[PDB]
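Structural overview
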Amino acid sequence: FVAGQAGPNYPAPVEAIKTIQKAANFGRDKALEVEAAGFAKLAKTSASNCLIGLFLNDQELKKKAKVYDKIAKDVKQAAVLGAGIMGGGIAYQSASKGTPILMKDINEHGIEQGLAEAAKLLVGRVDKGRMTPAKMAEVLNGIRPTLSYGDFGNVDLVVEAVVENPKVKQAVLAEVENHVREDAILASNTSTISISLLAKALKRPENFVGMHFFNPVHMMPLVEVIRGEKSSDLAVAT
Amino acid sequence: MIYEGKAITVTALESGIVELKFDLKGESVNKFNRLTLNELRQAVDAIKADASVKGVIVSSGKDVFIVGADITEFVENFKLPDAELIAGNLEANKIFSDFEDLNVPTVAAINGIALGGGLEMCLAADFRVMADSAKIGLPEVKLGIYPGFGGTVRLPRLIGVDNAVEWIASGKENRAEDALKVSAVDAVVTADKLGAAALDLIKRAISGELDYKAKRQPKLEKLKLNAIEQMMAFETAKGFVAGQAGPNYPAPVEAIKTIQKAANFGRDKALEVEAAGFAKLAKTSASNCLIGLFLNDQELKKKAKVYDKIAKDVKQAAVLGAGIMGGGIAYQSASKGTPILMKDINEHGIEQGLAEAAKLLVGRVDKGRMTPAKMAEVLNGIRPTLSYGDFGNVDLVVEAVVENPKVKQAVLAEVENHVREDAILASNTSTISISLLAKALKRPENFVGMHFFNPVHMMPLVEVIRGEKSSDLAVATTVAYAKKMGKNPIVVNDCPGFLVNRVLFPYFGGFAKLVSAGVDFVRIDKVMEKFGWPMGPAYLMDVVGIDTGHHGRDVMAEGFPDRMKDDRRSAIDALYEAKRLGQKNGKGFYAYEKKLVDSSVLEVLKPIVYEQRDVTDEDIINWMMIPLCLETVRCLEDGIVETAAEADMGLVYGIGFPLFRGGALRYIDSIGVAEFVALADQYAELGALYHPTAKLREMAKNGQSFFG
Ligand SMILES: NC(=O)c1ccc[n+]([C@@H]2O[C@H](COP(=O)([O-])OP(=O)(O)OC[C@H]3O[C@@H](n4cnc5c(N)ncnc54)[C@H](O)[C@@H]3O)[C@@H](O)[C@H]2O)c1
Ligand SMILES: NC(=O)c1ccc[n+]([C@@H]2O[C@H](COP(=O)([O-])OP(=O)(O)OC[C@H]3O[C@@H](n4cnc5c(N)ncnc54)[C@H](O)[C@@H]3O)[C@@H](O)[C@H]2O)c1
Ligand SMILES: CCCCCCCCOCCOCCOCCOCCOCCO
Ligand SMILES: CCCCCCCCOCCOCCOCCOCCOCCO
Ligand SMILES: [Zn+2]
């Protein structure tokens with residue numbers, strides 16, 4: 001079982017089993033010897049020090065994390081432009097982690113897809129005992145569909161996830177900017193367009209950055225926060 | 001063909017198999033009216049005479065299988081003398097029995113709805129094949145009666161006492177799935193294979209593969225149950241049904257008594273027991289009042305069609321204010337397939353609204369009554385907000401803000417500039433004038449009242465209030481929207497207290513006069529509860545809240561000084577001034593920990609007890625009922641409501657008027673207009689609330705009635 005799940009490239013799991021199997025009929029002291037021998041062996045493997053190196057990387061990232069947090073402004077209210085694949089995925093994630101978010105779009109159909117998917121995921125978890133019906137309620141109530149900017153007044157960070165078109169993005173980005181606080185951060189989820197290019201359509205580029213997620217938003221761990229030439233440390237940190 | 005009528009046809013098929021099909025030409029459904037019964041007699045005799053017949057398949061040519069006859073004939077039939085009624089039923093049952101005694105296999109092919117007589121026809125056959133989309137059941141109890149064509153005889157012998165009782169005492173429709181599990185039916189197939197399944201089954205009966213005689217036998221003999229098991233089954237059935245239907249509903253218990261009396265009998269004797277009980281029930285006052293409710297509903301449905309001719313469907317709705325009513329309205333709207341915006345002024349307000357919508361949805365899922373996926377659809381339907389940014393395409397906006405004229409007039413005027421100029425605006429107000437609120441608007445023709453009752457998801461009634469400027473379109477649209485939300489709307493012209501509250505207070509007045517007369521309030525509502533009221537006056541006042549009743553009284557007193565203004569302090573004043581606000585407050589007439597009698601109230605009420613007048617239970621009922629009934633009559637005469645049906649159903653849905661009594665106006669009809677007027681005068685000393693109207697006295701003499 002462990003073999004077909006860890007893979008041939010991960011010695012640790014199988015060795016632990018081999019150690020317990022070798023010590024099966026032994027008392028404490030002999031069983032410890034079997035443990036020690038296998039331990040020494042693993043500690044010298046390439047898989048082990050590369051895994052330990054990931055841990056060291058994480059530590060480094062956490063130190064930079066503390067620096068970012070010294071200035072990062074908490075996002076109490078978020079907003080995402082565009083529902084659907086990425087937009088809806090972003091809404092789901094934000095709401096799922098304790099951050100109310102507005103799901104803006106241009107037509108009812110767009111909001112349908114967004115809400116539909118957020119539902120399938122939430123329902124899926126409850127249909128698997130991994131989530132409380134009450135929790136599913138909290139998440140959904142966190143997502144607030146809309147087709148206007150009437151409630152953007154107190155949004156701290158807006159994520160633009162519209163069609164991959166420079167002209168379109170520059171228009172929308174410029175538009176939303178006139179509907180949020182002037183200290184609100186704006187971000188684009190674009191994967192092939194220049195953040196510094198998009199920022200030129202704005203009057204407050206210092207607050208514009210890239211927040212690149214990966215499909216499916218709820219699955220992929222990575223988010224590339226892109227710093228444009230004008231992107232302020234605050235915009236990035238936040 | 002073997003037989004060709006206007007309701008039934010008997011066409012020969014292969015291998016001697018014959019098909020008796022129901023298709024009432026010219027009508028939309030099949031039903032056992034006089035014509036069909038007569039033709040069934042002939043069809044049966046024709047088959048009984050054709051020695052070449054090897055089997056019979058009973059089918060339908062309509063979308064339904066067979067439903068009940070027109071309520072109209074029920075009314076007529078039940079006017080006949082017991083001897084005639086019973087003789088007529090003996091004759092009908094003879095037809096079904098003769099079909100059941102055919103010395104040939106029989107199968108009923110249930111394609112659609114088969115209710116009452118329709119199901120009874122099916123029970124008469126040897127086998128029953130049902131389409132997975134069809135439904136069957138015996139709704140007789142709804143009319144205050146019970147199965148009259150062998151239903152109480154065949155169903156118990158086919159699916160067992162417990163299950164037969166459950167079907168008959170509830171009158172519920174049963175889906176194919178459930179019908180197969182209790183064996184009311186023998187097979188369930190898709191609509192496209194119903195014909196082939198019936199044909200296949202019949203052949204297997206003819207070949208002897210299926211012993212149709214053995215399958216028929218059970219309904220021709222006594223039940224299989226022990227004397228001991230019978231006692232257990234019947235006594236628990238009576239016990240359970242008793243504390244659930246109430247003492248005022250004979251039908252459910254009689255059906256059980258009938259099955260118990262016939263337990264050891266074969267078909268014919270069991271039919272006799274059934275017939276006798278049936279005749280008895282058909283003459284009860286409960287039955288014709290229940291049947292009258294049905295007639296009222298039919299009237300409402302005809303007005304429904306007229307409203308729908310112009311009513312604009314509400315694709316997108318909006319409610320101003322979350323919280324108790326606002327959130328409740330949002331929940332309902334979203335729960336019935338209509339997206340709705342929940343607007344408020346502060347996040348806390350939206351919290352409460354969303355919180356409650358959640359508790360309800362979660363509650364249903366936490367009891368397998370709702371799918372987690374469905375709960376998602378509902379919640380996504382409610383869209384919280386604090387601006388009017390999305391109101392652009394709203395078709396109807398319901399205002400459910402604080403009870404303050406100033407506030408409402410401001411908000412209403414504000415939203416009007418954020419919606420289409422053809423959007424309907426409605427207020428959920430219970431004590432403010434719709435025509436007054438409409439003056440703050442520039443498009444009053446589109447303003448009406450849409451009055452819901454707490455808790456919005458529980459209360460069936462919705463009073464659509466027409467202001468003096470309210471257009472028929474505005475009213476029609478609001479009506480249809482209420483129906484879509486699963487409510488029962490009744491149009492009422494603007495007036496203090498509208499229809500429901502305006503009628504309730506004269507009722508509470510009488511209660512106030514009783515308490516001021518030294519009558520024990522615990523005895524009072526015990527009497528009114530026995531009368532049929534869900535809750536007694538005192539207890540109801542608590543649930544509603546003394547503070548609420550205090551305010552209401554003031555509004556009505558201002559509204560109709562000539563009869564609702566009292567120049568003496570009542571128990572309401574004593575409890576309010578004493579801060580005994582009701583159930584919510586923890587103390588009112590009773591004490592709540594839940595409902596308890598606490599003598600500490602005696603002191604509070606003492607100052608109110610003027611005389612120590614002695615009274616009978618019958619007087620108590622009249623002190624309460626006469627004011628309520630007369631005020632209803634006034635509403636009809638004032639034109640607050642157009643028809644008696646509307647007024648009575650308004651009280652049935654919004655006040656919980658005892659169903660077996662039909663309504664306030666129908667109650668007067670039961671007592672007798674002349675008799676009621678006479679009765680009223682007897683209490684003329686109590687005030688203007690007990691004074692009959694000229695129009696009433698007039699119809700009292702002309703032998704006129706509200707429904708007769
Ligand atoms: N292949 C992927 O799935 C993927 C991976 C990474 C990054 N991205 C990025 O995500 C963005 C596209 O997201 P998508 O995959 O959901 O595409 P999509 O077409 O499925 O979604 C676009 C949504 O935005 C809505 N929209 C359009 N104009 C709008 C406006 N002015 N305001 C608000 N909503 C508007 C549309 O109606 C639609 O619902 C692009 O920037 C793309 O580079 C996509
Ligand atoms: N007993 C009842 O609960 C009942 C029964 C029938 C009808 N009504 C009617 O319902 C209305 C009151 O409803 P309620 O009992 O839920 O009151 P409530 O106090 O429980 O809720 C009022 C909500 O409206 C919000 N609000 C206040 N001003 C607002 C504005 N200008 N715009 C938008 N939202 C605003 C408040 O913040 C609050 O969330 C009244 O008109 C009353 O007559 C109440
Ligand atoms: C035989 C057992 C009956 C069971 C009791 C249930 C009651 C069912 O009876 C229904 C009869 O309804 C009578 C109404 O007929 C009036 C026709 O209305 C005219 C409107 O036409 C619309 C047709 O869709
Ligand atoms: C002053 C505030 C007003 C409060 C009034 C509410 C008090 C009423 O409470 C009673 C609960 O109402 C129950 C409604 O009963 C439902 C009706 O049953 C439907 C059957 O209709 C037959 C149709 O054929
Ligand atoms: Zn007072």
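- Determination of this PDB entry was carried out by X-ray crystallography to a resolution of 2.5 Å, according to the record.

- Per the PDB entry, chain B goes by the name Fatty oxidation complex alpha subunit and belongs to Pseudomonas fragi.
- What UniProt states about chain B under its Function heading is, verbatim, "Involved in the aerobic and anaerobic degradation of long-chain fatty acids via beta-oxidation cycle. Catalyzes the formation of 3-oxoacyl-CoA from enoyl-CoA via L-3-hydroxyacyl-CoA. It can also use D-3-hydroxyacyl-CoA and cis-3-enoyl-CoA as substrate."
- Listed in UniProt under the heading Subunit, the comment for chain B reads: "Heterotetramer of two alpha chains (FadB) and two beta chains (FadA)."

- Looking at the PDB entry, one finds chain A named Fatty oxidation complex alpha subunit, with Pseudomonas fragi as its source organism.

**Observations concerning the overall build of chain A**
- When its secondary structure is counted, chain A shows 10 helices and 7 strands.
- What you see for chain A is a C-alpha radius of gyration of 24 Å, clearly larger than the 18 Å of a compact globule of 238 residues, by over 25%.
- Taking the principal axes of the C-alpha coordinates as reference, chain A spans close to 75 × 40 × 30 Å.
- At a minimum sequence separation of 6, the contacts of chain A that also span at least 24 residues come to 61%.

**A short note on the pattern of salt bridges**
All names here are of chain B.
- With the rule as written, the count across this model stands at 52 salt bridges over all chains.
- In this structure, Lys-359 and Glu-356 form a salt bridge, with 3.0 Å as the shortest nitrogen-oxygen distance. Taken as a pair, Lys-359 and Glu-356 lie in helix 15 (residues 347-365) at a separation of 3 residues, close to a single helical turn.
- A salt bridge links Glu-631 to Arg-502, with the nearest nitrogen and oxygen atoms 2.8 Å apart.
- Since its relative accessible area comes to 0%, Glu-631 is described here as buried.

**Observations concerning the UniProt feature "active site" in chain A**
All names here are of chain A.
- Listed under "active site" in the UniProt record, and renumbered for this structure, are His-212.
- Within the element layout of this structure, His-212 appears in strand 6 (residues 208-212).
- Setting aside chain neighbours within four positions, we find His-212 in contact with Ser-188, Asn-189, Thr-190, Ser-191, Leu-222, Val-223, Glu-224 and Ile-226.

**Structural notes on unusual backbone geometry**
- For the bond running from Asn215(A) to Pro216(A), omega is 0 degrees, close enough to zero to count as cis.
- The omega torsion of the bond from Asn454(B) to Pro455(B) falls at 0 degrees, within 30 degrees of zero and hence cis.
- Note on placement: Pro455(B) falls in the loop between strand 16 (447-451) and strand 17 (461-466).
- Backbone geometry places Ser15(B), a non-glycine residue, at a positive phi of 45 degrees.
- With respect to the helices and strands, the residue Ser15(B) is situated in the loop between strand 2 (8-12) and strand 3 (17-22).
- Of the residues examined, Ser15(B) reaches a relative accessible area of 53% and is grouped as exposed.
- Positioned with a positive phi, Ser183(B) is a non-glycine residue whose angle comes to about 70 degrees.

**Some thoughts on the packing of aromatic side chains**
- Applying the stated criterion to the full structure yields 20 aromatic pairs over all chains.
- Aromatic pair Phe22(B) and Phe32(B): ring centres 5.7 Å apart, planes at 80 degrees, arrangement edge-to-face. Taken as a pair, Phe22(B) in strand 3 and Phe32(B) in the loop between strand 3 and helix 1 (34-49) lie far apart in primary sequence, 10 residues in all. There is no split in this pair, since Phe22(B) and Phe32(B) are both buried.
- Geometrically, the ring pair formed by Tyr146(B) and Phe278(B) is tilted, given 6.5 Å between the ring centres and 55 degrees between the ring planes. A residue pair is termed long-range when its members are at least 10 positions apart, and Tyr146(B) in the loop between strand 8 (135-137) and helix 5 (151-159) and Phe278(B) in helix 12 (residues 267-282) qualify at 132 residues.
- Each member of the aromatic cluster is reached from another via a ring pair, and the members are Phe511(B), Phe521(B), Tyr539(B), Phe589(B), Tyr590(B) and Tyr592(B).
- Cation over ring: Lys104(A) sits above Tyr149(A), and NZ or CZ is 4.3 Å from the ring centre.
- The cationic tip of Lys595(B) hangs over the ring face of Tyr539(B); the distance from NZ or CZ to the ring centre is 5.0 Å.

**Details of the interface of chain B and chain A**
- Each side of the interface is counted separately: chain B has 19 residues, and chain A has 20 residues.
- For the pair chain B and chain A, the two sides together bury roughly 1,600 Å², of which 58% comes from carbon and sulfur.
- When the buried area of chain B at its contact with chain A is split by residue, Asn380(B), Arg383(B) and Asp390(B) rank highest and sum to 31% of it.
- Linking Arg144(A) and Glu347(B) is a salt bridge whose minimum nitrogen-to-oxygen distance equals 2.7 Å.
- There are 7 residue pairs in polar contact connecting chain B and chain A.
- Those elements giving two or more residues to the side of chain B that touches chain A turn out to be helix 15, helix 16 (372-381) and strand 13 (382-385) of chain B.

**Description of the nonpolar core**
Residues and elements named next belong to chain B.
- Core analysis: the biggest nonpolar cluster contains 106 residues, and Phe-391, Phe-521, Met-528, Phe-589, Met-625 and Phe-657 have the highest contact counts within it.
- Setting aside residues up to four positions removed in sequence, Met-625 forms contacts with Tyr-507, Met-528, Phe-531, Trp-533, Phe-657 and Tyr-667.
- One finds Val-44, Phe-127, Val-141 and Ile-145 within the second-largest nonpolar core, a separate group that totals 91 residues.

Rules used in this analysis
- Residues numbered from 1 in each chain as written, not as in the entry; some residues may be left out.
- Chains lettered and ligands numbered in written order.
- Part of a larger assembly, values for the part shown.
- Heavy atoms only, no water.
- Residues with missing side-chain atoms left out of burial classes, pairs and counts.
- UniProt positions renumbered as here; feature names shortened; annotations may be inferred.
- Helix = DSSP H or I, 4+ residues; strand = E, 2+ residues; numbered from the N terminus.
- Rg over C-alpha atoms; globule rule 2.2 N^0.38 Å.
- Contact = heavy atoms within 4.5 Å.
- Salt bridge = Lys/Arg side-chain N within 4 Å of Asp/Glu carboxyl O.
- Buried < 20%, exposed > 50% of the residue type's maximum accessible area, 1.4 Å probe, protein only.
- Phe/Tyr/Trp six-rings, centres within 6.5 Å; stacked < 30°, edge-to-face > 60°.
- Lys NZ or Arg CZ within 6 Å of the ring centre and 35° of its normal.
- Buried area = accessible area lost by both parts, 1.4 Å probe.
- Polar contact = N/O pair within 3.5 Å; in protein donor to acceptor, adjacent residues only side chain to side chain.
- Core = buried A, V, L, I, M, F, W, Y, C linked by side-chain atoms within 4.5 Å.

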